Amino acid sequence: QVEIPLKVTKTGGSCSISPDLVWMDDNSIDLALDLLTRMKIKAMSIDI
Amino acid sequence: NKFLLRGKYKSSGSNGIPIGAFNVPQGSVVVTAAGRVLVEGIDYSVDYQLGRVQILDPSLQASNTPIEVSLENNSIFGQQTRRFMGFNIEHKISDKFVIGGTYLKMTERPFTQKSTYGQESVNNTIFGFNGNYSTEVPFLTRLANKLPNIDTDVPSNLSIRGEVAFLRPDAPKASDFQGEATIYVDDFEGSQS
Amino acid sequence: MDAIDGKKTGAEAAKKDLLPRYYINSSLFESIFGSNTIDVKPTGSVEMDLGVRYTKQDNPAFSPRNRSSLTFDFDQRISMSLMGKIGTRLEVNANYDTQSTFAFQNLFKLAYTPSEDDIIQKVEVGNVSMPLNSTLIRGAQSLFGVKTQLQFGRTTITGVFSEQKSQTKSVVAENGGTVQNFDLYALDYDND
Amino acid sequence: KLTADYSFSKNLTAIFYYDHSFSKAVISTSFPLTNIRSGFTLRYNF
Amino acid sequence: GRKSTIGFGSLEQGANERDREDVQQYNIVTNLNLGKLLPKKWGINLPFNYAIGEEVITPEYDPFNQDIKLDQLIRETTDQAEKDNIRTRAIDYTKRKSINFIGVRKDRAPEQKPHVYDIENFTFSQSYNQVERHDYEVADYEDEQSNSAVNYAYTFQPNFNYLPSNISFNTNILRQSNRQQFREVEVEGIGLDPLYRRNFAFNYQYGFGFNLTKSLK
Amino acid sequence: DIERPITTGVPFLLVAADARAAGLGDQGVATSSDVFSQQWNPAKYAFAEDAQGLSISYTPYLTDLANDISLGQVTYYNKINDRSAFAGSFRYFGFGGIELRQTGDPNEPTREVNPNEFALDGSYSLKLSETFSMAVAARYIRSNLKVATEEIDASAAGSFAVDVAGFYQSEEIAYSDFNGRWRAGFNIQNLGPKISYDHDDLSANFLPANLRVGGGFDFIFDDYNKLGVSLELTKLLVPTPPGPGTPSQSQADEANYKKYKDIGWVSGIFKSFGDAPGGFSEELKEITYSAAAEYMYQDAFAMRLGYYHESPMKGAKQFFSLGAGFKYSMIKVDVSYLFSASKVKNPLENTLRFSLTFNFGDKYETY
Amino acid sequence: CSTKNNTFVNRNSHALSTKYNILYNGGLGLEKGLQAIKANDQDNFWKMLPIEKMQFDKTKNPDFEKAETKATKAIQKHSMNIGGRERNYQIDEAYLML
Amino acid sequence: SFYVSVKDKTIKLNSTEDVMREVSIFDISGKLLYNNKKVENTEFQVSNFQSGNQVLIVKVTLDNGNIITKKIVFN
Ligand SMILES: CCCCCCCCCCC(CCCCCCCCCC)(CO[C@H]1O[C@@H](CO)[C@H](O[C@@H]2O[C@@H](CO)[C@H](O)[C@@H](O)[C@@H]2O)[C@@H](O)[C@@H]1O)CO[C@H]1O[C@@H](CO)[C@H](O[C@@H]2O[C@@H](CO)[C@H](O)[C@@H](O)[C@@H]2O)[C@@H](O)[C@H]1O
């Protein structure tokens, strides 16, 4: 499970919003799979 | 949905191995029995137009050993352009010693800049060295002539072939997003029919 | 000096015992191709279809503007092949069929094979191959491009730059017939 | 189907062709169809 | 003898098609013409084939969890028994043996009169194959096949006629043995109960043709 | 990649339709006179060495995918005097016969459609001086690529165009190491009224008006060996459509497209030039170029290398081309192949173009 | 490539061309002929053996003719005697082979 | 012996005594529009919007590596 809190694009004014504001880099998921492996190894020691 | 029915079935139909391709190019068929490469005139024969491979070795036929057949298939469509380049060196050290230095590169040209999962392009390079030493050993013939009822005269031969290869794979720069090799799990352009 | 001059009806025999500094003989000189003869010849047929196609389907739901279709029909049926030599050094083998199958049956091979004393031993243009006597590094048979062979005494260098027209395919066979593996899940029953 | 040959030479042949097909509708789910191909074909042998 | 590392492959193989495993394989095949050890006067064709080999495959990824590398998982275990189990269950080991005596027969003399009881009408074939395996799915796998074949054929050379024109006969002993002990991937303590498949067969067919009358058959 | 390509009607007119020019990087405006010199430069038909010539060219499309989808060309030329020549060419792009079938008792009669696109042109070339020639050509273009269905009208769209060409060929000039020859050429192509695919004047497409300017040199050694090096420049004479914005977001784009589409073809020819605040360098991005080298042995064997470069901003057609030519007695065979160097997939990749010409009649000496 | 201009590239190309593979083929012919002489059965053994075995202790072994032809082909068409001095440094090897 | 029929934007393959393994539908541009590796002699529903494109190419791979090619008009 990969979760990211989302920043909301500000609306109300013009319909046309620049792509850098439509697709914020703060909202982009960029996940290293080695982090998933580390989490899996750590959770091996966590009881259900 | 975690229970899996896994299996295999064998399809023969008629004599000869159906390799799944027709009009295979000559010299593109490689047959491997148990890690060793067979000989195209002794262990097996190839009927190229029908794509049939008939195993000739009596011991391999009654073996149950899985036989791997590799070939080139021209019956392809909708594939990316493949560029194949390289060079091969064949230095001759002596009358019975040859050394080689092959280098090869295949680059696939993707249709667009987006490579979806499964339809991936490669930019692979392979380079290696090989050595072939084929000598004649009359000592083996002399030893054979010391056997009870053997009075032969055919020459005895020895052949040693060594080879090392290195594969450096990559993806073409055309299917790169912001400088990284990218495979699209879902660009979402193919949904909503 | 009679052997050096050459025009004495017998000097040709004596030229062998001469120092090669004093004469030049053309028997061991060759042009870019071995001769000036042209022998590349065509064989086969070529067909032109030029005519009119007229169609009329009486579908009332169709627009009146689609009452009938009158088009020009043009068709080509090339069934040609080219075989021959240029100057006993260039070899040409080509085959073009419009009715052939998809992409590889139309062949074209130009093979330039110089004398044994040249550094360049072989040039190939068109349908070429790169056969390798290697198990780890496989070559390719179905290539279209340029293949060049160079020889420096005992070092042979073969370079290729081409497009591969085939795909490598592997099968596994036991006791003759090919083996097909299958993987189904419980949800994948034969439905309806 | 009408065809007419003429050998202009040993290698050159010209054929006039005329195919005319009319299918009349017997049931209303079929439409009357007229197909007329006509013209010439040139064959050169090597 | 072949030795390949993780990451090797062919030029055309993609990211998921290249070798995710270390391979160490060898195979020796020997062919002997044992019939040459006997005098050529009575020519015996007695070919002997002996093939041996084995391959060991070490996966890059642990077969359990399928996405953690084997070295990384072994490093982060801190338990000797668990480490040994993880190391041993990952190995895919295969060993093959084949002993063949196919086509044993005695050839005729250059000028020899065929006879119905001649040993030259017989052919013998022997085949033995053994496969020993152990990998992530099976802790112990053994496959044995034995094939003994004796073939006879004779065509006679020249109320109704009662001498057969031809006589055929061939016998076959086919024995297949399979032992499958599936592994407990968690602990190498006991394992599953071994399962045995046996296909011991004895086959024989015979046949003869008759030309009782010039028209009958 | 491709930013703002030029949109023209019947783009098939811009495809090379012979193996000889295809093997020379899709250029023929300044190459030696041949039977295919109608798409490239009709003015050199007056410089032909043979009196009459016929030619058949085949360019297959999607060879791996299907058959019968191809661009064919038939050319005929006849030079009557030593100064003038007539020519007629026919280019035909077709998908072949396609059967329209519903299941419906599969023995039922079926309708066959052949969506196609052809151009038929005739040219007259006249030699003005001993080294210069001009030519005027008239072309009729028809497009019938649509298939008639319900609520779809498949009426063919037609147009007419004119061609003005000029060709200069010098005499053999001796130099220090070789006695070469000079060639130059220009060709203004596809000058005609807009083609309306939907038969409405409000929705019309510019004809692909083109300008080709080229020059070449022949290195002649040993009287049996020739090396022709040719360079060609091409510019479309169609105005560039508006892009991201040229000062209400979509209103500006709509108004810009409205003003762009309401431009006459005659005025569009001049509007293609300039239309930029920058100088020659900024306009150089609309110029395609090609460089070709053709080795010729005994006038019977030909070996051709070519490079064609479009600016990746428009079109993205960059490739190398290989070609071979042979002449037996009066029959010439050309084959060409393309190696693409662009990101966009070239439709003519992995394709062998074929060409076959017959030469007959009198022979003319070359000045 | 001309033999009359003493350019670095011209001289080096001519030396490379005479070494590869005219002189290589000539040396192959020479060694093949030498091996043919060595593997002969013309040894008398009833008198003293010649110290250096020769072709005739006629048949005219063609490998030596091939070597001579290659040496001749190397000497002419690859000799660069531009200013009274030989520029090709492989020509003396060709004369030795001849 | 092979037929491809289009009635209402639906493609219908018919083979007499021949069973297909794979079907691929391409555009005139060469773009792969549809692909199914589990052909059952059934119908196919390709996306109806194709931006003015009517001509399609259907490639059928049978039991053996034989390939059947058919040009159809998408109606
Ligand atoms: C209706 C539509 C077109 C049909 C017209 C057919 C005309 C055929 C012309 C054949 C051609 C080009 C052929 C290659 C092009 C084919 C490409 C096809 C591609 C298909 C995809 C060369 O072909 C030559 O081949 C030679 C064989 O080696 C033969 O020589 C012959 O052997 C002996 C006989 O046995 C004879 O004694 C001997 O004298 C011949 O030398 C002849 O066949 C011919 O000369 C033309 O070259 C020459 O042919 C002659 C007439 O022969 C033409 O003279 C004119 O012809 C009519 C003018 O219209 C007039 O009537 C006529 O008055 C006038 O004299 C000229 O044009 C001339 O330049």
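In the block above lies the structure referred to throughout.
Residues numbered from 1 in each chain as written, not as in the entry; some residues may be left out. Chains lettered and ligands numbered in written order. Part of a larger assembly, values for the part shown. Heavy atoms only, no water.

Participant: How would you explain the overall build of chain D if you had to name every residue and give the values?
Facilitator: On a plain count of helices and strands, chain D comes out with zero helices and three strands. In terms of principal-axis extent, the alpha carbons of chain D reach across some 50 × 15 × 10 Å. Here chain D holds 46 residues, and 24% of them are scored as buried. Pairs at least 24 apart in sequence give 25% of the contacts found in chain D among residues at least 6 apart. (Helix = DSSP H or I, 4+ residues; strand = E, 2+ residues; numbered from the N terminus. Buried < 20%, exposed > 50% of the residue type's maximum accessible area, 1.4 Å probe, protein only. Contact = heavy atoms within 4.5 Å.)

Participant: I'd like to hear about the sheet that holds strand β5 (residues 43-44) of chain H, residue by residue, with values.
Facilitator: Residue and element names in this part refer to chain H. Across the sheet, three strands lie side by side as β1-β2-β5; this open sheet has antiparallel pairing. Pairing within the sheet leaves two strands with one partner each, and these edge strands are β1 (2-6) and β5. Sheet analysis places β1 next to strand β2 (residues 11-15), joined by five bridges and oriented antiparallel. Each residue of the ladder has a partner; that of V6, found in β2, is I11. (Pairing = 2+ DSSP bridges.)

Participant: Can you tell me about the site of the ligand, naming the residues and giving the values?
Facilitator: Looking at the ligand, the residues that line it are C:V46, C:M48, D:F8, D:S9, D:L12, D:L42, D:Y44, F:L54, F:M330, F:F358, F:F360 and F:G361. The ligand sits at the junction of chains C, D and F, each of which supplies nearby residues. Relative to its unbound accessible area of 1,300 Å², the ligand is 37% covered by the protein chains. For the shell around the ligand, the elements supplying multiple residues, two or more each, are β1 (41-57) of chain C, β3 (33-45) of chain D together with β19 (353-363) of chain F. Considering only residue class, the shell around the ligand consists of 10 nonpolar, two polar and no charged. (Near = heavy atom within 4 Å. Areas by Shrake-Rupley, 256 points an atom, 1.4 Å probe, with all protein chains shown as cover. Nonpolar A, V, L, I, M, F, W, Y, C, P; charged D, E, K, R; others polar.)

Participant: How would you sum up a nonpolar patch on the surface? Please name residues and give values.
Facilitator: All names here are of chain E. Judged by side-chain polarity, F169, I173, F202, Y204, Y206 and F208 come together as a nonpolar surface patch covering roughly 700 Å² of accessible area. Of all elements in the fold, only β8 (166-182) and β10 (201-209) reach the threshold of two or more residues within the nonpolar patch. With four residues, the single largest contributor to the nonpolar patch is β10. Within the secondary structure layout, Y206 lies in strand β10. A relative accessible area of 59% means that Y206 is categorised as exposed. (Patch = residues over 30% accessible without salt bridge, like charges linked within 9 Å, V, L, I, M, F, W, Y side chains within 5 Å. Salt bridge = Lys/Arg side-chain N within 4 Å of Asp/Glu carboxyl O.)

Participant: Provide a residue-level description of the interface of chain B and chain C, including the pertinent values.
Facilitator: Taken together, the 61 residues of chain B in the interface contact 48 residues of chain C. With both sides pooled, the region where chain B packs onto chain C buries about 5,100 Å², and carbon together with sulfur makes up 52% of that total. The tally of links between chain B and chain C comes to one salt bridge. Of the charged contacts in the structure, one is a salt bridge between C:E163 and B:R83, with a shortest N-O distance of 2.8 Å. Applying the counting criterion to the chain B and chain C interface returns 36 residue pairs in polar contact. Of all elements in the fold, only β1 (4-11), β2 (17-18), β6 (67-73), β7 (81-94), β10 (123-136) and β11 (157-168) of chain B reach the threshold of two or more residues within the side of chain B that touches chain C. It is β7(B) that contributes the most residues to the side of chain B that touches chain C, 14 residues altogether. Of the residues in the side of chain B that touches chain C, the class split is 26 nonpolar, 24 polar and 11 charged. (Buried area = accessible area lost by both parts, 1.4 Å probe. Polar contact = N/O pair within 3.5 Å; in protein donor to acceptor, adjacent residues only side chain to side chain.)

Participant: Describe empty space enclosed by the protein, with residues and values.
Facilitator: Empty space among the atoms can be located by rolling a probe the size of a water molecule over them. Considered as a void within the structure, the largest cavity measures approximately 230 Å³ in volume. Lining the largest cavity are 24 residues, and of these C:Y96, C:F102, C:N106, F:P60 and F:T63 sit closest to its centre. Going through the elements one at a time, β4 (90-97) of chain C together with β1 (50-60) of chain F are the ones with two or more residues in the lining of the largest cavity. Of the residues that constitute the lining of the largest cavity, the class distribution is 12 nonpolar, nine polar and three charged. Looking at the second largest cavity, its volume works out to about 70 Å³. Lining the second largest cavity are C:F108, C:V125, C:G126, C:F144, F:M303, F:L322, F:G323, F:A324, F:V335, F:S336, F:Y337 and F:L352. Those elements giving two or more residues to the lining of the second largest cavity turn out to be β6 (120-130) of chain C together with β17 (318-327) and β18 (331-340) of chain F. The residue makeup of the lining of the second largest cavity, split by class, is nine nonpolar, three polar and no charged. (1 Å grid on protein atoms, 1.4 Å probe; cavity = no way out; pocket = protein on both sides within 12 Å on 5 of 7 lines; lining within 4 Å. Points joined across faces, edges and corners; volume = space filled by probe spheres on them.)

Participant: Tell me about the interface of chain D and chain C, residues and numbers included.
Facilitator: Quite often, the size of an interface is put as the accessible area lost when its parts meet. Chain D puts 17 residues into the contact, and the matching count from chain C is 22 residues. Considering only the surface of chain D that becomes buried against chain C, D:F31, D:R37 and D:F46 emerge as the three largest contributors, covering 34% of it. For the pair chain D and chain C, the number of links is three salt bridges. Of the charged contacts in the structure, one is a salt bridge between C:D73 and D:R37, with a shortest N-O distance of 3.5 Å. Joining chain D to chain C, the criterion identifies 13 residue pairs in polar contact.

Participant: Run through the environment of B:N123, naming residues and quoting values.
Facilitator: All names here are of chain B. Residue position: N123 is located in strand β10. When neighbours within four sequence positions are excluded, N123 is seen to be in contact with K105, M106, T107, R168, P169, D170, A171 and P172. Looking at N123, its side chain comes within polar contact range of the side chain of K105, at 3.1 Å.

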